[PDB]
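Report on one structure; see the data block that follows.
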Amino acid sequence: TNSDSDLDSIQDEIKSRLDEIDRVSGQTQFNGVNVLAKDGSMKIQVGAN
Amino acid sequence: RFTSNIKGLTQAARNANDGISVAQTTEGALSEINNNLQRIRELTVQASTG
């Protein structure tokens, strides 16, 4: 029961939030390392050897 | 002969004291080398983390 204008507005806001998701994907960093920008592995040394 | 032996023994004791002294000096230097290596190992253990 929605006209074309309503669909266009909903699409605009959905695209806005998708751009937000992409931005935060690029943005979040820790000590110069982007946590979510790659499928890497991160080793933590917790032993004496 | 006894006088000669006594004098020789006194010199031997003095020389042994000098040797103990040089060993002490060497041991102190080696102690610091040990401390330095311990600190380097600590730094390396820190640096192993990713």
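Every chain in the structure tokens takes a letter, A first, then B, and so on in the order presented; its residues are numbered from 1, and the ligands are numbered from 1 following the presented order.
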Distance filter 9 Å, only C-alpha atoms, chain A against chain B, as a list in words: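 The complete set of qualifying residues is residues 42, 43, 44, 45, 46, 47, 48 and 49 of chain A.
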Atoms kept (N, CA and C atoms) for selection, written as a PDB file, in the first residue's frame:
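Wrote it out as selection_14.pdb, contents follow:
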ATOM      1  N   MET A  42      45.533 -13.118  14.410  1.00  0.00           N
ATOM      2  CA  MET A  42      46.204 -12.253  15.371  1.00  0.00           C
ATOM      3  C   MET A  42      46.666 -13.096  16.549  1.00  0.00           C
ATOM      4  N   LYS A  43      47.978 -13.250  16.692  1.00  0.00           N
ATOM      5  CA  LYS A  43      48.564 -14.099  17.720  1.00  0.00           C
ATOM      6  C   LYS A  43      48.858 -13.288  18.973  1.00  0.00           C
ATOM      7  N   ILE A  44      48.543 -13.864  20.130  1.00  0.00           N
ATOM      8  CA  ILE A  44      48.809 -13.246  21.422  1.00  0.00           C
ATOM      9  C   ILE A  44      49.739 -14.163  22.200  1.00  0.00           C
ATOM     10  N   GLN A  45      50.897 -13.642  22.593  1.00  0.00           N
ATOM     11  CA  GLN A  45      51.885 -14.415  23.339  1.00  0.00           C
ATOM     12  C   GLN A  45      51.545 -14.349  24.822  1.00  0.00           C
ATOM     13  N   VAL A  46      51.164 -15.490  25.394  1.00  0.00           N
ATOM     14  CA  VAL A  46      50.820 -15.591  26.805  1.00  0.00           C
ATOM     15  C   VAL A  46      51.677 -16.619  27.531  1.00  0.00           C
ATOM     16  N   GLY A  47      52.775 -17.057  26.922  1.00  0.00           N
ATOM     17  CA  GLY A  47      53.621 -18.059  27.537  1.00  0.00           C
ATOM     18  C   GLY A  47      55.065 -17.627  27.694  1.00  0.00           C
ATOM     19  N   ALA A  48      55.805 -18.325  28.557  1.00  0.00           N
ATOM     20  CA  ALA A  48      57.194 -17.977  28.822  1.00  0.00           C
ATOM     21  C   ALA A  48      58.156 -18.508  27.768  1.00  0.00           C
ATOM     22  N   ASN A  49      57.709 -19.415  26.905  1.00  0.00           N
ATOM     23  CA  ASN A  49      58.548 -19.984  25.863  1.00  0.00           C
ATOM     24  C   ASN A  49      57.953 -19.664  24.499  1.00  0.00           C
TER      25      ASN A  49
END
Strand (DSSP E or B) positions in chain A, given as number ranges by chain: A: 29-30, 33-34
Gap from atom CA of residue 35 of chain A to atom CA of residue 23 of chain A - Å, one decimal: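 Separating atom CA of residue 35 of chain A from atom CA of residue 23 of chain A is a distance of 13.2 Å.
You will find atom CA of residue 25 of chain A at 12.6 Å from atom CA of residue 39 of chain A.
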Pick from A:36, A:41, A:9, A:1, whichever lies nearest to residue 22 of chain A using only C-alpha atoms: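 Ranked by minimum distance to residue 22 of chain A, first place goes to A:36.
Take atom CA of residue 37 of chain A and atom CA of residue 44 of chain B: the distance between them is 28.6 Å.
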In chain A, DSSP helix (DSSP H, G or I) residues written as a VMD selection string: chain A and resid 4 to 27
Write the selection just made, keeping N, CA, C and O atoms, as a CSV table (one decimal), in the first residue's frame?
chain,number,residue,atom,x,y,z
A,4,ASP,N,5.3,5.1,-4.9
A,4,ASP,CA,6.7,5.1,-5.3
A,4,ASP,C,7.6,6.0,-4.5
A,4,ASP,O,8.7,5.7,-4.2
A,5,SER,N,7.0,7.2,-4.1
A,5,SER,CA,7.8,8.1,-3.3
A,5,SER,C,8.2,7.5,-1.9
A,5,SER,O,9.3,7.7,-1.5
A,6,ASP,N,7.3,6.8,-1.3
A,6,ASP,CA,7.6,6.1,0.0
A,6,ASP,C,8.7,5.1,-0.2
A,6,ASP,O,9.6,5.0,0.6
A,7,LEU,N,8.6,4.3,-1.3
A,7,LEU,CA,9.7,3.3,-1.6
A,7,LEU,C,11.0,4.0,-1.8
A,7,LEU,O,12.0,3.5,-1.4
A,8,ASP,N,11.0,5.1,-2.5
A,8,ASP,CA,12.2,5.8,-2.8
A,8,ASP,C,12.8,6.4,-1.5
A,8,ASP,O,14.1,6.3,-1.3
A,9,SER,N,12.0,6.9,-0.6
A,9,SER,CA,12.5,7.4,0.6
A,9,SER,C,13.1,6.3,1.5
A,9,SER,O,14.2,6.4,2.1
A,10,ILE,N,12.4,5.2,1.5
A,10,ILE,CA,12.9,4.0,2.3
A,10,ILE,C,14.2,3.5,1.7
A,10,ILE,O,15.1,3.2,2.5
A,11,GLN,N,14.3,3.4,0.4
A,11,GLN,CA,15.5,3.0,-0.2
A,11,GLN,C,16.7,4.0,0.1
A,11,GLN,O,17.8,3.6,0.3
A,12,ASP,N,16.4,5.3,0.1
A,12,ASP,CA,17.4,6.3,0.4
A,12,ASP,C,17.9,6.1,1.8
A,12,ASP,O,19.2,6.1,2.0
A,13,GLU,N,17.1,5.9,2.8
A,13,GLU,CA,17.6,5.7,4.1
A,13,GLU,C,18.3,4.4,4.3
A,13,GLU,O,19.2,4.3,5.1
A,14,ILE,N,17.8,3.3,3.6
A,14,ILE,CA,18.5,2.0,3.7
A,14,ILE,C,19.9,2.2,3.1
A,14,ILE,O,20.8,1.6,3.7
A,15,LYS,N,20.0,2.8,2.0
A,15,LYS,CA,21.3,3.1,1.4
A,15,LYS,C,22.2,3.9,2.3
A,15,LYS,O,23.4,3.7,2.4
A,16,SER,N,21.6,4.9,3.0
A,16,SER,CA,22.4,5.7,4.0
A,16,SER,C,23.0,4.8,5.1
A,16,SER,O,24.1,4.9,5.4
A,17,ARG,N,22.1,3.9,5.6
A,17,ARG,CA,22.7,3.0,6.7
A,17,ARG,C,23.7,2.0,6.1
A,17,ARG,O,24.6,1.6,6.8
A,18,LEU,N,23.5,1.6,4.9
A,18,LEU,CA,24.5,0.7,4.3
A,18,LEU,C,25.8,1.4,4.1
A,18,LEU,O,26.9,0.8,4.4
A,19,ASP,N,25.8,2.6,3.7
A,19,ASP,CA,27.0,3.4,3.6
A,19,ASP,C,27.6,3.6,5.0
A,19,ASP,O,28.8,3.6,5.2
A,20,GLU,N,26.8,3.7,6.0
A,20,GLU,CA,27.3,3.8,7.4
A,20,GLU,C,28.0,2.5,7.8
A,20,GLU,O,29.0,2.6,8.4
A,21,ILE,N,27.4,1.4,7.5
A,21,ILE,CA,28.0,0.1,7.8
A,21,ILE,C,29.4,0.0,7.1
A,21,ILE,O,30.4,-0.4,7.7
A,22,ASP,N,29.4,0.3,5.8
A,22,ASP,CA,30.7,0.3,5.1
A,22,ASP,C,31.7,1.2,5.7
A,22,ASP,O,32.9,0.9,5.9
A,23,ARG,N,31.3,2.4,6.1
A,23,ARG,CA,32.2,3.4,6.7
A,23,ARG,C,32.8,2.8,8.0
A,23,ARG,O,34.0,2.9,8.2
A,24,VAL,N,31.9,2.3,8.9
A,24,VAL,CA,32.5,1.8,10.1
A,24,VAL,C,33.3,0.5,9.9
A,24,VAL,O,34.2,0.3,10.7
A,25,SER,N,33.0,-0.2,8.9
A,25,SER,CA,33.9,-1.3,8.5
A,25,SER,C,35.3,-0.8,8.2
A,25,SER,O,36.3,-1.4,8.6
A,26,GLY,N,35.4,0.3,7.4
A,26,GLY,CA,36.7,0.9,7.1
A,26,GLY,C,37.4,1.6,8.3
A,26,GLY,O,38.6,1.6,8.4
A,27,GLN,N,36.6,2.2,9.2
A,27,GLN,CA,37.0,3.1,10.2
A,27,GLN,C,37.7,2.5,11.4
A,27,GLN,O,38.8,2.9,11.8
